[PDB]
Number of protein chains: 2
Amino acid sequence: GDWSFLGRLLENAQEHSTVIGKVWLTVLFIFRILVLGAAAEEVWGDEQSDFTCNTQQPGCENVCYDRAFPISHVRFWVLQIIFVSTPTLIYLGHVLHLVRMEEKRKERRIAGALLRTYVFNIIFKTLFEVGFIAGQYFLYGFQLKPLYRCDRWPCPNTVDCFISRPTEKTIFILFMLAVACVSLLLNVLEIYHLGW
Amino acid sequence: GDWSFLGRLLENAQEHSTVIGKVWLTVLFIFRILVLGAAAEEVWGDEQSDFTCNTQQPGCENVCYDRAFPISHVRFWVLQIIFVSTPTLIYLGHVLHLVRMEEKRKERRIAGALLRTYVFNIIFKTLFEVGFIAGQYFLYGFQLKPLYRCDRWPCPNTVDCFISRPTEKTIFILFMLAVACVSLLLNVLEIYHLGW
């Protein structure tokens, strides 16, 4: 995963952002992207190769892994990172557009319409963070148990399947939840600093 | 299985038995002992070696075979043959005892006490045949289905196990049932010929 281009754009957003916004971006880079690439990806590397079911039925392990893990937590976190970054890019684009328009007018910061877009950016960021949190909760909860009981065809009756690294995965699930909640708190602080 | 000694004693009983009794003994020799040794034993030879369960659990196939087949049909039929033969041996022993006593008295057939023992022999034969029939019914029924579902520990949850030769085994189950019922009819005819 090469996050270079998103990083380069979000550092530009850092130049035009509030101090709390700069903190939020630093959290995104260090506590989400960096952890994901240095720690979590490895943890989940053997998610299917080390997933085992007590059965001689061909195809059962495939369908049972798929049912247990419709989307890997790491993929979900990648999507979450991209969506919570997107409004920042929208605001930065409006910034660059107004700067280029100003340069043109000359040939021939946060107030006004730019402040309205900034605050909308903070709102959409908040809603997307909340949505991904709640989706993670309703899909997986905040804990991975070692045992998964599977009755999906072709599996005969109910089969016992065993997860790879349930405890380490639970640790990182809770870590990423905490980081997301810190991000929400930062957004709320941005909207209370702007309000005040 | 060497039935030589039982055969030699039951042929003696044939010498002292009624014509219907001789038919009964012939049925025992030809349609039970001979079939058991020439056909059924082979059918059941691979009862456990060819019994298969869809599982990776060590020990599950053992416990599941044991639960499905607490006693093999062939062992049950051996026991049945021996018990339905036993009263015949009792009657023959009473016969030989009275003959030896007569020889002694000389030194120094079916009436009297010998007829009472004969009729008791026919009664116990009938009750034992009925008992083994009903036991077979309550234990296995009169049909072996290919699939046996097993939840006995250590088997995880419910496991699918497959029987060896279910249809051939069902054929021989029904054959042996029919032979037993013919034997019962013969006993009833003995008691109606004696009554008349």
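Described below are features of the structure shown in this document. (Residues numbered from 1 in each chain as written, not as in the entry; some residues may be left out. Chains lettered and ligands numbered in written order. Part of a larger assembly, values for the part shown. Heavy atoms only, no water.)

**Examining a nonpolar patch on the surface**
Residue and element names in this part refer to chain A. A surface patch of nonpolar side chains, amounting to about 450 Å² of accessible area, comprises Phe120, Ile123, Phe124, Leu127 and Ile191. Summarising the element assignment, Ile123 is placed in helix α5 (residues 113-140). Classification of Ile123 as partly exposed rests on a relative accessible area of 35%. (Patch = residues over 30% accessible without salt bridge, like charges linked within 9 Å, V, L, I, M, F, W, Y side chains within 5 Å. Areas by Shrake-Rupley, 256 points an atom, 1.4 Å probe, with all protein chains shown as cover. Salt bridge = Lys/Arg side-chain N within 4 Å of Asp/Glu carboxyl O. Helix = DSSP H or I, 4+ residues; strand = E, 2+ residues; numbered from the N terminus. Buried < 20%, exposed > 50% of the residue type's maximum accessible area, 1.4 Å probe, protein only.)

**Things to note about the interface of chain A and chain B**
Accessible area lost on assembly of the parts is the figure often given for the size of an interface. The interface of chain A with chain B comprises eleven residues on the first partner and eleven residues on the second. Carbon and sulfur atoms supply 29% of the area buried between chain A and chain B, which totals about 850 Å² over both sides. Looking at the side of chain A facing chain B, the largest losses of area belong to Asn54, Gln56 and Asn157 of chain A, adding up to 59% of the total buried there. Viewed at the interface, chain B and chain A are joined by zero salt bridges. Run the count over chain A and chain B and you get ten residue pairs in polar contact. Looking at the side of chain A that touches chain B residue by residue, the class counts come to three nonpolar, six polar and two charged. (Contact = heavy atoms within 4.5 Å. Buried area = accessible area lost by both parts, 1.4 Å probe. Polar contact = N/O pair within 3.5 Å; in protein donor to acceptor, adjacent residues only side chain to side chain. Nonpolar A, V, L, I, M, F, W, Y, C, P; charged D, E, K, R; others polar.)

**A look at the packing of helix α1 (residues 4-15) of chain B against helix α2 (residues 19-43) of chain B**
Residue and element names in this part refer to chain B. Contact geometry for α1 and α2: axes closest at 9 Å, N-to-C directions at 160 degrees. In this view, α1 runs roughly antiparallel relative to α2, as classed from their interaxial angle. Every pair of crossing elements has a handedness; the one defined by α1 and α2 is left-handed. On α2, the residues touching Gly7, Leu10, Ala13 and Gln14 of α1 are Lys22, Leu25, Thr26, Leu28 and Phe29. A breakdown of the residues in the contact of α1 with α2 according to their chemical character gives five nonpolar, three polar and one charged. (Axes fitted to C-alpha atoms, helices over the stretch in contact; angles between N-to-C directions. Parallel < 35°, antiparallel > 145°, perpendicular 65-115°, else oblique. Left-handed = near helix turned anticlockwise from the far one by under 90°.)

**A few points about the relation of the copies chain A and chain B**
Least-squares fitting of chain A to chain B yields an RMSD of 0.0 Å, with the superposition described by an axial translation of 0.0 Å and a rotation of 180 degrees. Taken together, these values place the two copies in the relation of a two-fold axis. Within chain A, the C-alpha atom positioned nearest to the axis of rotation is that of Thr55 of chain A, 2.3 Å from it. Mapped onto chain B, 100% of the interface residues of chain A are again interface residues, and the two copies thus contact each other with one and the same surface. (Least-squares fit on C-alpha atoms.)

**Side note on the sheet that holds strand β2 (residues 147-150) of chain A**
Either a parallel or an antiparallel arrangement is found when strands of a sheet pair, and the pairing is made through backbone hydrogen bonds. Residue and element names in this part refer to chain A. The strand order β1-β3-β2 describes an open sheet built from three strands, whose pairing is antiparallel. Looking at which strands have only one partner, the edges of the open sheet turn out to be β1 (52-53) and β2. Relative to strand β3 (residues 159-162), β1 runs antiparallel, the two being bridged by two bridges. Bridged to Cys53 within β3 is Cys161. Here helix α3 (residues 60-68) sits on the sheet and contacts β1, β2 and β3; the angle it forms with β2, its principal contact strand, is near 115 degrees. (Pairing = 2+ DSSP bridges.)

**Some thoughts on empty space enclosed by the protein**
Residue and element names in this part refer to chain A. Estimates place the volume of the largest cavity at around 110 Å³. Looking at which element gives the most residues to the lining of the largest cavity, the answer is helix α6 (residues 166-195), with four residues. A class-by-class count of the residues in the lining of the largest cavity yields nine nonpolar, two polar and one charged. (1 Å grid on protein atoms, 1.4 Å probe; cavity = no way out; pocket = protein on both sides within 12 Å on 5 of 7 lines; lining within 4 Å. Points joined across faces, edges and corners; volume = space filled by probe spheres on them.)

**Some points on the state of the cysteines**
Residue and element names in this part refer to chain B. For the structure shown, the criterion picks out six disulfides over all chains. With its sulfur 2.0 Å from that of its partner, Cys53 forms a disulfide with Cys161. Its S-S torsion of about 100 degrees marks the bond between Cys53 and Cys161 as right-handed, since a negative value means left-handed. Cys53 sits in the buried class, given a relative accessible area of 3%. (Disulfide = S-S within 2.5 Å.)

**Regarding the layout of surface pockets**
Residues and elements named next belong to chain B. Its volume calculated, the largest pocket comes out at about 150 Å³. In this structure, the largest pocket is lined by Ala68, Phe69, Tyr140, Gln143, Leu144, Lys145, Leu147, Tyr148 and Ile163. In terms of residue class, the lining of the largest pocket is built from seven nonpolar, one polar and one charged.

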